[PDB]
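**Q** got a structure for you, letters missing:
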């Protein structure tokens, strides 16, 4: 009772952070199981680092107003969440926002540390209103194997770990020769720029494989 | 990063059983359990009857004198005969019987790799003192559902017209269900159980099946 | 049978001739898929000629709609039967009630558009269980006629056919009972005289190169209609009173 | 009478239950009516019509 | 029909459900919030959109 | 013979070559519409819901 295994024929990838990869041919029923399982893992468990918290140099609170910035503090916390952080063996790093002036602070406006990589110099952190303006603060990263909300750090910033911005799988019929109906599984995923999508898939179901390491034998 | 593993596999009947997996992380019992349900229901070994050559009969649409079962219905009964093999991918069983009474699945000729899980299984009954039915019951082994129709492309001199092909039922699995309940292992934050209560004709063991399922599952992961 | 019913289905099944109702009540001496022999009680029975009613069940045969009509015994060997009780079931009748179809587990919910208007979305369990399967009986005929050129032959000798083609026919040219057939298979070999082709140029040239005896007989044989595939359950041969019957007939 | 017979079941009064997608394994929001409907196959067979 | 019941059920609001009144960077993590079961398909929420 | 090769040829002749679909009560001109053929197993024609 010999079995049918595909290997991905095409990765059709848009730009860099975006990828759409097709895997064909499958066995009937396998497209949905592979797609769904790989999606559930790709989403809620992926190793990565962003921002769990930042001290406010201006005030003590998430609700306040900064002199020289119209953005509400929660608004800036949002932007901080959208900052791409890939950290090396240093488990928890911390940076500073040091800059001031007549124009917005970007992600290239942050101090440069030893094991820290910002993928986007382009990123908008917050705008700078006129003149001197008091702004510089410090930002501490955090690690997770999954997604941890802001309210969950019990004893505030939403911690976005999983590099995946979006994951979708399209199952369509695949035609092989004398085989009538098969699965053609098309994965489509966007990332935050830290880990590229192509390898992201790989680690994603390597997790799945590792969860299955307690069971099978033979082929290997 | 705790990996799961099985725990007590509780047999209940010759038909079905409940298998359990203790160490499941956040939400993983679903991502595993469903993906397991899928491969369990779809891809799995089976030895379902295929070719049956009965005694005096050219085709399924007649009636053998001395049995109140139409040939077609007898075939339909044979399709539901559950067996298991060991070292053979096809075995031909010889069924013989006569005299008034029910013909069960235990009236065949035992073979090395033959195991009849339901000796009470009714093939057909027998209505008269002398009526005898000899049949070659050709049981082969495979996966999924192969209807009698798709069997002919290959063709290749199936000329003995006494040989009636039937549709292949190959699958142990009838019904697979999974429930994830919170399993509190003595020390850990929150972990879940997986109770997969499956259903079978008795021709496949729980550990056998649940093994090969995950086997194929990770086997598809070979892309990387 | 219906899971949900009225109570009229019984009356319909019985009053329609499809079922087999016992003329006289008694015990079944003999139960066969072919026939059923019932021994009459003495109270119902007339004094002379003694004892039993024998019902010969209708077996697989062509209906008007090209469907199948087959009776199955609903009774068992050595069972008491009441007068006016079902001794057998016709097609689409279960245990004396009327079964026009099959009841099944159905869920009301939009599923991915696959049931867009009234469109029905059915599982694989159903097509595999072969429960909605249906049996058709088609009556095909082959006519041997008389043309001024000559009489038509039902012979198995057919111009331009391989051994695979002539195999499924007996020596006489008619297909064997029980042989499964599909579109294009020859059911009945038939050949009609057409003499003198009046072939032309390069055709001639071709026959000259390959040396073929192109026949004076055209192939009229009855073959299974395209796409329909089934098993032969019967064959009949009608002959003019006074013409010699062929081997098969 | 129907609901009463359903009480003699073990099955709900609503006639609706929870159902799970065979694909994602996740539940379906809301209960969906499930039951047994006697169904007929008319003969409009597609290998007649085609 | 099926489709409009789909978009209607998608875009309609209940008074309360999971995820009521929270704030999200955009549609991406809104869908991401929903699919994982944390936030209800329909809940009153402020989100940044472009 | 319905040899195995020809299906691949039919895939070619079908590609850019639209077919006309029509229903019984043709009323307005949209009662006929042209589509692109997609080869399908089965005897039934598959018609886009929006149409």
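**A** Happy to help now that I have it. Numbering: from 1, shown residues only, chains lettered A, B, ... in the order given.
**Q** number of nearby residues for the closest residue to residue C:170 other than its chain neighbours?
**A** Distances taken as CB to CB, 6 or more residues apart in numbering or on different chains place residue C:248 nearest to residue C:170, at 5.5 Å, with adjacent residues excluded. Heads up, the C-betas are built off the backbone N, CA and C, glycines and all. Applying other CB atoms under 10 Å in any protein chain shown, we find 17 residues neighbouring residue C:248.
**Q** which residues sit in contact with residue C:248?
**A** C:170-174, C:237 (CB atoms under 8 Å, 6 or more residues apart in numbering or on different chains).
**Q** one more time with 10 Å, if that's ok
**A** Contacts for residue C:248 (CB atoms under 10 Å, 6 or more residues apart in numbering or on different chains) come out as C:154, C:156, C:169-176, C:188, C:235, C:237.
**Q** I'd like those residues as TSV, with neighbour count and secondary structure appended.
**A** Listed next are the contacts of residue C:248 as TSV, based on neighbours: other CB atoms under 10 Å in any protein chain shown; DSSP: H, G, I helix; E, B strand; the rest coil:
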residue	neighbour count	secondary structure
C:154	23	coil
C:156	22	coil
C:169	24	strand
C:170	15	coil
C:171	12	coil
C:172	15	coil
C:173	25	coil
C:174	25	strand
C:175	21	strand
C:176	16	coil
C:188	23	strand
C:235	14	coil
C:237	13	coil
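**Q** for those, which one is nearest chain E?
**A** The nearest member of the contacts of residue C:248 to chain E, counting by CB to the nearest CB, is residue C:175 at 49.5 Å.
**Q** mind checking how far that closest one is from residue B:83?
**A** 35 Å (CB to CB, to the nearest Å).
**Q** same question, residue E:15
**A** Counting by CB to CB, the gap from residue E:15 to residue B:83 is 60 Å.
**Q** okay, these two: which has more neighbours?
**A** With neighbours defined as other CB under 10 Å, residue E:15 and residue B:83 compare such that residue B:83 has more, 25 against 7.
**Q** what is the end-to-end distance of stretch A:13-32?
**A** 22 Å (CA to CA, to the nearest Å).
**Q** likewise for stretch C:41-51?
**A** End-to-end for stretch C:41-51, by CA to CA: 8 Å.
**Q** how far does that stretch sit from its chain's centre?
**A** 38 Å (CA atoms, centre = their mean, to the nearest Å).
**Q** so which residues make contact with it?
**A** Contacts for stretch C:41-51 (CB under 10 Å, 6+ apart): C:23-27, C:29, C:38-40, C:52-53, C:80-83.
**Q** try stretch C:10-22
**A** So stretch C:10-22 is contacted by C:1, C:6, C:28, C:36, C:38, C:40, C:53, C:55-58, C:69, C:71-75, C:81-100 (CB under 10 Å, 6+ apart).
**Q** how close does the residue sitting nearest the centre point of chain A sit to residue A:157?
**A** With distances taken as CA atoms, centre = their mean, residue A:163 lies nearest the centre of chain A, 1.3 Å away. Distance of residue A:163 to residue A:157, computed by CB to CB: 17 Å.
**Q** repeat that for residue C:143.
**A** In terms of CB to CB, residue C:143 sits 90 Å off from residue A:157.
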